[PDB]
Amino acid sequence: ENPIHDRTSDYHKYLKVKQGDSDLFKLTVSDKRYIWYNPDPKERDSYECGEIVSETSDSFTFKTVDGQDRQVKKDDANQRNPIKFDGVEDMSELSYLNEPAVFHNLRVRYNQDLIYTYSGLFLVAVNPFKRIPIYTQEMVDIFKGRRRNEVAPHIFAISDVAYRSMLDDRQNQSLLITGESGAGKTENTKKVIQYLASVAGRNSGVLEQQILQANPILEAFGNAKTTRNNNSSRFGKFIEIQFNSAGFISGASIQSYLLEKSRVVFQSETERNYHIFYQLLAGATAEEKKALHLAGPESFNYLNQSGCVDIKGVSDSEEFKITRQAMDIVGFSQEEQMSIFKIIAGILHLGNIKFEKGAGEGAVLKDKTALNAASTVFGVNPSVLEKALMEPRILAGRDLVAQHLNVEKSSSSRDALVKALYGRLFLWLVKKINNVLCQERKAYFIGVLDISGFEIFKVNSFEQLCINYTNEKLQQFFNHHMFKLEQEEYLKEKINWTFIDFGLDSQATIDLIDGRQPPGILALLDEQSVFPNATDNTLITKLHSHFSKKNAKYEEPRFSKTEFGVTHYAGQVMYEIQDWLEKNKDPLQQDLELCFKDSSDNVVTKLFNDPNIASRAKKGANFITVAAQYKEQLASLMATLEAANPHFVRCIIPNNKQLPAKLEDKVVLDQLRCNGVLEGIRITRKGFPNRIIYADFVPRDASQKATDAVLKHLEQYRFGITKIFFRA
């Protein structure tokens, strides 16, 4: 408690509000009252401060920056909290709770690099887009074991609360970090793992280092630069840190989700492919480059299409050293790593294969430099691969028929092979890692969820619907645990609570997407995926007839025939239907699988012969679809979190330019609205947060009134059947 109460410490310098000056005290003592108003009535999110000069029984009259006088009815007034509240660590304490006031406090805090603020029971994290030194080992030690009230808001603080609640209650916990693309999820995820790895680690603790080095691996193959984030996680993950009864870390398990493997073969302008492609070409030795027939990223069709090969302030050559070091710590062998880079080098070669029209409408390959280079590194027969690309054999009834695919379909099958290769390598990486950390049968666990977030682009596809649908369910889980389950408890225990509707329900949008009866978008997509004469247009035509003018969350646009709109909690998203059928089916010519099953490389062969990696579950006579499969594993995850005690962290992006020291009014407030932040504060103030059973609620044995005496010795708090609740 030396540095907590020492103004000289880095703690107070970087985690506490700076001491106000002589002049600020004179304003903190003022009797004047102020108000938040909109100078431009229809610019609803930009406010200014004004002094209240007079009031009637129902109205305030205040002054504008210009000097004019404006009038507002008290029922519609956003009063400004006294400035003594400016910078408060928990905004439950604010007297007036309105949008401009909540944003104001955060602003006051953001201006001094105070990115963490509590909103009742959950935490708010505003991305600084700059490195601030509050994640050192010294800071870890300060927060170790401290109550939430005793120290300042911090990701370590709520991580510690989950750890203590795990041991006190003997139950599993979850740390759910929400936010849109670029808001701060993965960065805060890393800190949660850091803190838990330290306060619960063993002081020969190599397991703990191994857990820390597992994420740098997945980021190199799993993250990429998008228009909204230079280190965008193109996959979701549930990280399950495991402990023993004693409370020390016993193991860990990663469950990956929804890899955007369509990115390996296509990227929008200014976007990049997965980091690892640029780390190899930039950090590979001359020996390696010569062995894998490599060149610069400008020479590969999968990397020379968006116009961008760099990320500002990132050395791909240097990042390559980090992932190789991380693979050493986790225990990948030298030949494993070399086989991994063969697959990456081979994928890039496959991308430069150009099919051209032959004598007939079928395709031909006049230049086989890329084909041979790929076959070389993979260890497969090139002419077998060649026939498997352009001439795959299928069954027609029972006859064995050989196709002759045109240029278009030959390139698509080549892309299918690439995406299959990369997607299976990723599951392999996660699988090898999970096995190195599968060393003890857990007693409890603290689950950390780090998903891809809400994202909108000029062109949104099946991948964006799955991402945004996942973010819609997480927001509903926040709504569920904060408002419905909360009041249901109050109602059940009969403490005379009048139900409140907070107006936060994403169920209509969720049913529209994943509903079975009536069928939703994914159900109709699955239905068309197996219908043999279905097209991308017969699909959206089907979606319009089912939901246009029928479901209030669905819009058939008048300006386009291949797009449809879904109204999410974070906003309407228009989705392009192109390629949805083939993306849901995820086809791959089996002749291509056969060719790689005969591969020289040990890794490649396990990617195509290991049943857990290479098989696909069958739904009758058809393979299970991407939609149906992801739905199953999403339901399993949400079942895991409903059984665990949730701790929420709401990440907020300050602007859409990835810049520091720039907190934009209307970008922040929209996230505060759709996240339900203020609703989450009101329920904690109006409501009663915790309840302990009567028996455990000073003669220490007994009658529900036994516990009444203690408070007497020490309306405000109420009694219910079987439990006792507290307020504030």
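For every residue, the number given is its place in the sequence shown, counted from 1.
J.: Report, from the record, the number of residues in the deposited sequence between residue 34 and residue 35 that have no coordinates, as none, 1 to 3, 4 to 9, or 10 or more.
T.: Gap between residue 34 and residue 35: none, chain continuous.
J.: Count up the deposited residues without coordinates from residue 714 to residue 715 and drop the result into none, 1 to 3, 4 to 9, or 10 or more.
T.: Missing in between: 4 to 9 residues.
J.: Mean Cα B factor from the PDB record: higher for 507 to 515, or higher for 529 to 537?
T.: Of 529 to 537 and 507 to 515, the stretch with the higher C-alpha B-factor average is 529 to 537.
J.: Higher mean Cα B-factor in the deposited model: 607 to 615 or 380 to 388?
T.: Between 380 to 388 and 607 to 615, it is 607 to 615 that shows the higher mean C-alpha B-factor.
J.: Which one of 679, 670, 696, 664 shows the biggest C-alpha B-factor in the PDB entry?
T.: If I rank 679, 670, 696, 664 by C-alpha B-factor, first place goes to 696.
J.: At the C-alpha atoms, which of 123, 330, 220, 448 reaches the highest B-factor in this entry?
T.: So the option with the highest C-alpha B-factor is 330.
J.: Lowest, middle or highest third: where is residue 426 by C-alpha B factor in its chain?
T.: Lowest third - that is where residue 426 ends up once the chain's C-alpha B-factors are sorted.
J.: Taking the chain's C-alpha temperature factors as the reference, tell me which third residue 129 falls into: lowest, middle or highest.
T.: Residue 129: CA B-factor falls in the lowest third of its chain.
J.: Based on the deposited C-alpha B factors for this chain, I'd like to know if residue 56 is in the lowest, middle or highest third.
T.: Tercile = middle for this residue's CA B-factor.
J.: Taking only the Cα B-factors deposited for this chain, tell me whether residue 203 sits in the lowest, middle or highest third.
T.: Highest third, going by the recorded CA B-factors of the chain.
J.: Among the chain's modelled residues, which third holds the C-alpha B-factor of residue 621?
T.: CA B-factor rank for residue 621: highest third.
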